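Undergrad:
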Amino acid sequence: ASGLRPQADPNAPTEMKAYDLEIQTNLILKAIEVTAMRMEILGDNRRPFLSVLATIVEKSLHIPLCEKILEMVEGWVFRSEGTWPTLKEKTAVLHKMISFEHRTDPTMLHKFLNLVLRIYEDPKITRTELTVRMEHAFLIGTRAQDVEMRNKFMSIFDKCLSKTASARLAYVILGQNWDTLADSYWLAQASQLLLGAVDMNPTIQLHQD
Amino acid sequence: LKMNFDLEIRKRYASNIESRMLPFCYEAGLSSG
Amino acid sequence: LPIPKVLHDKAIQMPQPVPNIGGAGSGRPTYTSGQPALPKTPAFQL
Amino acid sequence: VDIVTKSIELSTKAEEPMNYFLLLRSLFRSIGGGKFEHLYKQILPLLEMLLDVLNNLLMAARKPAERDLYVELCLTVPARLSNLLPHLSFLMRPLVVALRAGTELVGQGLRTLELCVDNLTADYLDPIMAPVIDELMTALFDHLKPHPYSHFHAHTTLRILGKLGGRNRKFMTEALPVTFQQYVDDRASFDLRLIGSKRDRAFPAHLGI
Amino acid sequence: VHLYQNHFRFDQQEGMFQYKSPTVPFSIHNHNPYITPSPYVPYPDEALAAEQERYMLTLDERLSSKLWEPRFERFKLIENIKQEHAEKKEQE
Amino acid sequence: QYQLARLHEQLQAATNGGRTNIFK
Amino acid sequence: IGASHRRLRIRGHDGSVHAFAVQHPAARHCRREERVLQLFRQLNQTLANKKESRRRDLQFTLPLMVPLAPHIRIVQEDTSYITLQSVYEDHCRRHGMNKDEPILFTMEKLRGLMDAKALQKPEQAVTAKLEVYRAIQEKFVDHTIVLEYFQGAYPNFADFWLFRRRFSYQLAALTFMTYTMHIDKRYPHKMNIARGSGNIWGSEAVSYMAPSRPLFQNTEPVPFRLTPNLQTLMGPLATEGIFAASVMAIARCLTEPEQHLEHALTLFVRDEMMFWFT
Amino acid sequence: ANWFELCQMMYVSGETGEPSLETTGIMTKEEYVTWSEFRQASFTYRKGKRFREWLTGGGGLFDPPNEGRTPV
Amino acid sequence: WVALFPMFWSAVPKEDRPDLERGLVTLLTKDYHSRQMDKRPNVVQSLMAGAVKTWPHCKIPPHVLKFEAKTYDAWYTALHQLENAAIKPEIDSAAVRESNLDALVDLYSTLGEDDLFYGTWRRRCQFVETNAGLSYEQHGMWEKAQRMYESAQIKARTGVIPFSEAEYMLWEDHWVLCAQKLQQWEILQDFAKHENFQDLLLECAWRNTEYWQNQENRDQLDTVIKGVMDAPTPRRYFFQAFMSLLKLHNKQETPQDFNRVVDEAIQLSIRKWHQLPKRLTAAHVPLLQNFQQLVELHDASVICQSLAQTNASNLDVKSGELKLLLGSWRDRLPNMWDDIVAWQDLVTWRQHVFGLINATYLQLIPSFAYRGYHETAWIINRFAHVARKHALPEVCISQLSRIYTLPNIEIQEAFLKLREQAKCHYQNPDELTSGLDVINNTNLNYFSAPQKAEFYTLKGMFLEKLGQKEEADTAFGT
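Protein chains in written order, with my numbering: chain A, 2 to 210; chain B, 72 to 104; chain C, 13 to 58; chain D, 31 to 239; chain E, 62 to 153; chain F, 122 to 145; chain G, 497 to 774; chain H, 23 to 94; chain I, 539 to 1016.
#1: Tell me where the beta strand (DSSP E) around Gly698 (chain G) begins and ends.
#2: Where does the unbroken alpha helix (DSSP H) through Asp801 (chain I) begin, and where does it stop?
#3: Which same chain residues, not among the five before or five after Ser219 (chain D), have their C-beta less than 6 Å away from its C-beta?
#4: Does chain A have any CB closer than 7 Å to the CB of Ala549 (chain I)?
#5: DSSP has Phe712 (chain G) in a bridge; who is on the other side?
#6: With DSSP as the reference, identify every bridge partner of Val562 (chain G), one or two as the case may be.
#7: According to DSSP, is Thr579 (chain G) part of a helix, a strand, or is it coil?
#8: Rounding to the nearest angstrom, what Cα-Cα distance links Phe51 (chain D) and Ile158 (chain D) in this structure?
#9: Buried or exposed for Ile949 (chain I), going by 16 or more other Cβ atoms inside 10 Å?
#10: Give every residue of the same chain whose Cβ lies closer than 8 Å to the Cβ of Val173 (chain A), excluding the five residues on either side of it in the sequence, and list them in chain order.
#11: From the DSSP output, in three-state form, read off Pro203 (chain A) for me.
#12: Count Cβ pairs between the stretch 711 to 727 of chain I and the stretch 684 to 692 of chain I that sit closer than 8 Å; are there 3 or more?
#13: Using a Cβ-Cβ cut-off of 7 Å (strictly less than) and excluding sequence neighbours within five positions of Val799 (chain I), which residues of its own chain qualify?
#14: Shorter than 6 Å, the distance from the beta carbon of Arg48 (chain A) to the closest heavy atom of the ligand MG, or not?
#15: Taking 7 Å as the CB-CB limit, is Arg130 (chain D) close to chain I?
#16: Could you pull out every residue in the same chain whose Cβ sits closer than 6 Å to the Cβ of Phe154 (chain A), ignoring the five residues on either side in sequence?
#17: According to the neighbour-count rule (16 or more other Cβ atoms, all chains shown, within 10 Å of its Cβ), is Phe73 (chain H) buried or exposed?
#18: Restricting to Cα atoms, I'd like to know which of I:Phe829, I:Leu1004, I:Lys789, I:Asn983 is closest to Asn966 (chain I).
#19: For a contact defined as C-beta to C-beta under 7 Å, what are the partners of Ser163 (chain A) on chain H?
#20: Please name the residue in I:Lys693, I:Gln889, I:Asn979 whose C-alpha comes closest to that of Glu667 (chain I).
#21: Taking the straight line between their C-alpha atoms, what separation do you get for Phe659 (chain G) and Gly592 (chain G)?
#22: Is there a Cβ from chain H that is less than 7 Å from the Cβ of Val173 (chain A)?
#23: Anything in chain D within Cβ reach of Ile808 (chain I), meaning under 8 Å, just list it in chain order.
#24: Note down, in chain order, all residues in the stretch 671 to 697 of chain I with a beta-carbon under 9 Å from any beta-carbon belonging to chain G.
#25: I'd like the span of the beta strand (DSSP E) that includes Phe95 (chain B), first residue to last.
#26: If you drop the 5 nearest sequence neighbours on each side, which residues of the same chain put their C-beta closer than 8 Å to that of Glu165 (chain D)?
#27: Using the three-state DSSP reduction, which class does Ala36 (chain C) fall into: helix, strand or coil?
#28: How many Å lie between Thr35 (chain D) and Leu81 (chain D) at the Cα?
#29: Looking at the structure shown, is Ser844 (chain I) part of a helix, part of a strand, or coil, going by DSSP?
#30: Reducing DSSP to helix, strand and coil, say where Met79 (chain D) ends up.
#31: At a Cβ threshold of 7 Å, is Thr84 (chain E) touching chain C?
#32: In chain order, what residues of the stretch 118 to 129 of chain E put their CB closer than 7 Å to some CB of chain C?
#33: For a contact meaning CB atoms closer than 8 Å, what does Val199 (chain A) contact in chain D?
#34: Measure from the alpha carbon of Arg151 (chain A) to the alpha carbon of each residue in A:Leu110, A:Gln177, A:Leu131, A:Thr129, then state which is nearest.
#35: Which residue comes first and which comes last in the beta strand (DSSP E) that contains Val518 (chain G)?
#36: Let me know the secondary structure DSSP gives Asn46 (chain A) once reduced to three states.
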């Protein structure tokens, strides 16, 4: 797609036929499903499994495989109750999903952002070790090009903070870390946060002069 | 054409360890420093 | 004159912070100019 | 000759006058280069009238695409450079329009300007360029941007300025334009209330109009 | 030997030796007969202050560090170089 | 040692490297 | 301030636009003003060719005037002009003051004092006049009015900075012009300032000649106009850096050979002498 | 190499924090299960080849609950 | 943002403002802002503008503003507050005033505003000799300025009167600048050798054409160029590219490496151009001159490639293309009112190229082989004219006298020499002895009628100046 010329390297990437690609993808799905059900005894084989999952999530462009991995991670986070995959290492897998932002196909990004919204709206999860680590995903969501998703993120953000004007200016100046949005003009989010400390109800009119 | 190596050694008599290091390097002959 | 396609790697890298070299000194309020694309910030404590 | 003359004459009464200029563009794109000396000799007696008509239509255009069509017609007439040396004042406005447009017109304008700078002397060219020189240089200085911006345009502009030399900082006749407000009173505003405050503050009534 | 407030020198010395050795200054509204007058003037606890001054001198390379015994070495070097060059030219 | 070196440097600067007699 | 005119605009065959003002009751001293403009238009050539002035871009501002009849004239026009008098009146309007208070106050005080003794002062520099001046400064006009107006006229500070930089050089040029030629009655309504660039044009510029004998004289308390409000608009730093140096630069450039200025002034002086004698 | 083994051993020894990269370079039912599992961390267990070759009030949305724990 | 910030700042209690000011300073100096330095309106610009809108009530240190303005294109926003603070200081302390003035002077120097710099420094100095020297520097009188600085230093040596450190630094730096203006490079070389000033050493060595022919000498210079290359600047990149061209000539480098070096230099120059204000200031001129230098570098590389590939087989009739290229170069000159140092640079570069051509051509002989000398004479004459128009003392005379030793006397060379002789009549007082010596016997008038006619006219003028009315009458009658 980038148009780069090929090289005569034995380890050079090679293309595959559609039929073979689908057969191998189905085999991968079956293998992952069988491996995931013995998570409680994986022992020393646990880390390579998560590493290969992260590699697939980062580089693969096959939608169903990514969907299945996302559902499995969601099940680990929410509906699981036994001993976990190395405790807060599922956050490491989640952090690799942030690459969806520039995939020129927003389906997987939308699924990931819906999952993030679900995480940050849970009454049980509040001021815990998961909401602390999901900050970058939350900010990426607040920067979304989709109007509805961005408005949902900004609504949660506004609901969180205090409504005094000095408090919100102080939070903007020395309350938030903006390292994640350093490549964009992130003062728009700050202005939107500031405008949440103004009263919207009263009638307005121009000055008598 | 050259480097006045004797002007930098005299600064030893003027963080602290870094300040004292360079005159020693120049005196020995370590142009790289 | 020549304008190659793509451009080679060393000419399209993002600037990095750079120290002050030359031996003249820094902070002199005189009419000398010298300037790198991105100087490095001095150390401070407030 | 019949094609050109009939197109120009019939454009005035047509229901879609732009079809004839699309036809003219199709013809001009085919006989580019000095390979059609016979056709150039045939067309020579129509050059001044064609350029005058083309300049008239550009002034009355109301849409960017129409202006692009007329500019491209102006900058690619079939003729030899020596025969184009007179009437060069007919190319000055379309060149300024092209230097502030999409990539293709920018490249065409840079090509034309470089040819003119190379093939003439200052005493002959500077008086011709005087009426549009300020806008020309302002448009030229806008292509000098670092790597992520097209380096073809930037390098071509740098080469043109370097070839101009001392003449590149000698073209100004007035002082420098400055923008000012016609009145010094306060501008129109309405009052707003910050939640934690006790007084009202003025908000300018002109922000996104 | 001549003694002064904070320096001393020998009788036939053109410099000085410090004892520690081996209006409104910096205002643009001042007046002297070689500059024009300014229109803003008539015609011709401490810890907080220290903290404010320290804050105001942030990133000021030469002054922040200080917050001075000249020796004229470069001037003397230039004099020596010029004298040597003149002496060499005299020969030819 | 350091004091002697500093004093020698100061004296050399004052005397212009032996070219000037300040003691007369 | 005391006149009106209609503004014509012409489109050139190359697409340019030129503005002219029609002056129907043209003043009676138009020829002399045109002669002065001719002389300084000639000196602009030497200024443009000399190095110390060409690197500073120092030029006199001289609009073109063409008479159509002995009583009508068309003058090249800048549409963003404003006078010092207009700025003062705008301040008075915005601050709820009467524009005529200083002159009435001066007249009342001078009348009251002249009705009393008018002597005992050192020789002639009356101290009462100084007290009246100080009272006017304290009560009516402070030295920050013009600067305040022009700060309010430029929301973007880059525009204000560039405008002030141009203004200082232009004021230096006007100062040289009025000092050397003995232009006397420089009232605030004769100074036009262009809000679009920072140029200064001095209207109604004619030399003054003594009535008893033919020669150039001024006989005024000051050599040129430099009042506190202009000083404050420029600022002490710009006044030290640009204004003082540009005057000497112009004087140095125009007197490199001393014969050039004499040969440039000969015909102008001859015409002035003929007018005086007639 | 062996970063994870060092982290597990440090957790076993009584350092429950998150040590930095340079640091390594130089109970409830779940907690008990984790301790028992991590007790088996070893250098050479099925690693013979590898072993041989080798203040502000208010708050916000991402504030830690209580903090107060740092590594060694 | 700039509309909202001032209204929200005024709602903060007065006792909580120092904390927000410190947080603002912490936010302005973050290192992740560099991922946004090329974008028009970045966040640094907006924060600085908002803070300066409320300046008396929100205070930012002057040097933080100075640092950020140069990198993120916020020059006038910083100038506004610096000048306002100069007028009305926020704190009654001498150190704060000195720091503010230092920052303002630095900005004026970097933007190319000479007159504001001189006025600000003259309203600040303590000695009268400093005042006079700055004034003489302002009007282009470098010799008087150098004398004034020497006298000021001598007076300060006594020690009776106290003085500041800034004036001490100013004396030295501006003495060196005046020395550069007067072309005293011979002593500057020794000064830079002793003081370990590398850029000054490179500048001094750049003026010695014959020093770049020895393999060992240029091997030594390569070490200094490598030394000052970890902090690239446009001038250092020009020196690197010149080194690359010299290596290419001696068949020690491929043209691809030369092209890559030139590409890197061009990219750096464009990046520096993009950091200035949009409208054309006085800081843009050196970058345009740099652009011209960069294009002529490629022209010279083409010249060298053609020279090698053509005269490797001793083929003549290849001088036509050289003539065309040199004629193209002859029409690309700076303006008369430009800086004298730029003229020096152009002359030195042209002399280097002509020396290369002469070295490649002369050895082949053992009319077409003496073109570099003609070009050097032409450019030297033009530079002498420019120097005379700058009122430079003895510089034009030195340049003209630096042409006596030149072989290959021809019609063109004779005409250039006669032009130089005519230009030698500066028409200044106290030249009676030289004029009389020239009149007694100087060359022959057989060359051309117009030249002898104008010489007779000059002789008549000189005689009239001396007081020989009848002699001058007869002279210009003839």
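Just so you know, even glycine gets a beta-carbon here, dropped at the ideal spot from N, CA and C.
TA: In terms of the structure at hand:
#1: Unbroken beta strand (DSSP E) run through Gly698 (chain G): 696 to 698.
#2: For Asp801 (chain I), the enclosing alpha helix (DSSP H) begins and ends at 793 to 812.
#3: Contacts found: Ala232, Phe233, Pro234, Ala235.
#4: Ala549 (chain I) has a beta carbon lying within less than 7 Å of a beta carbon in chain A.
#5: Per DSSP, G:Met705.
#6: Looking at the DSSP assignment, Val562 (chain G) forms a beta bridge with G:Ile570.
#7: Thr579 (chain G) falls in the strand class under three-state DSSP.
#8: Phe51 (chain D) and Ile158 (chain D): Cα-Cα distance of roughly 28 Å.
#9: Of the residues assessed, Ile949 (chain I) falls on the exposed side of the cut-off, its CB having fewer than 16 other CB atoms within 10 angstroms.
#10: Cβ within range, chain order: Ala191, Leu194, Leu195.
#11: DSSP places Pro203 (chain A) in coil when its eight states are reduced to three.
#12: Touching, per the Cβ criterion.
#13: These residues qualify, in order along the chain: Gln778, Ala779, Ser782.
#14: Absent from the structure shown: the ligand MG. Ligands present: none.
#15: The beta-carbon of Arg130 (chain D) is placed no less than 7 Å from the nearest beta-carbon of chain I.
#16: When the five nearest sequence neighbours on each side are left out, the beta carbons in the same chain lying within less than 6 Å of the beta carbon of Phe154 (chain A) are those of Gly142, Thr143, in order along the chain.
#17: Under this definition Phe73 (chain H) is an exposed residue.
#18: Here the closest residue by C-alpha is I:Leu1004.
#19: The contacting residues are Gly80.
#20: Closest option to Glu667 (chain I), Cα to Cα, is I:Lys693.
#21: In a straight line, the C-alpha of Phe659 (chain G) is about 28 Å away from that of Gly592 (chain G).
#22: No, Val173 (chain A) does not count as interfacial toward chain H.
#23: Residues of chain D with a Cβ closer than 8 Å to the Cβ of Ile808 (chain I) are, in chain order, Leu174, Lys175, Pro176, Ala184, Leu188.
#24: Result list: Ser673, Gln676, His677, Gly678.
#25: No beta strand (DSSP E) contains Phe95 (chain B), which is instead part of the alpha helix (DSSP H) from 87 to 99.
#26: Taking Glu165 (chain D) as the centre and dropping the five residues before and after it, the same chain places the C-beta of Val126 closer than 8 Å to its C-beta, in chain order.
#27: In the structure shown, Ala36 (chain C) sits in coil (DSSP, three-state: anything other than H, G, I, E or B).
#28: The straight-line gap separating the alpha-carbon atoms of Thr35 (chain D) and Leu81 (chain D) is approximately 13 Å.
#29: In the structure shown, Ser844 (chain I) falls within a helical segment according to DSSP collapsed to helix, strand and coil.
#30: Taken through DSSP and simplified to helix, strand or coil, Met79 (chain D) comes out as helix.
#31: Judged by the 7 Å Cβ criterion, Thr84 (chain E) is not in contact with chain C.
#32: Correct list: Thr119, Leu120, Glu122, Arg123.
#33: Correct list: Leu222, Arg223, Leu224, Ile225.
#34: A:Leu110 is the residue among A:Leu110, A:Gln177, A:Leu131, A:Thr129 whose C-alpha sits nearest the C-alpha of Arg151 (chain A).
#35: Counting along the chain, the unbroken beta strand (DSSP E) around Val518 (chain G) starts and ends at 513 to 519.
#36: DSSP places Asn46 (chain A) in helix when its eight states are reduced to three.
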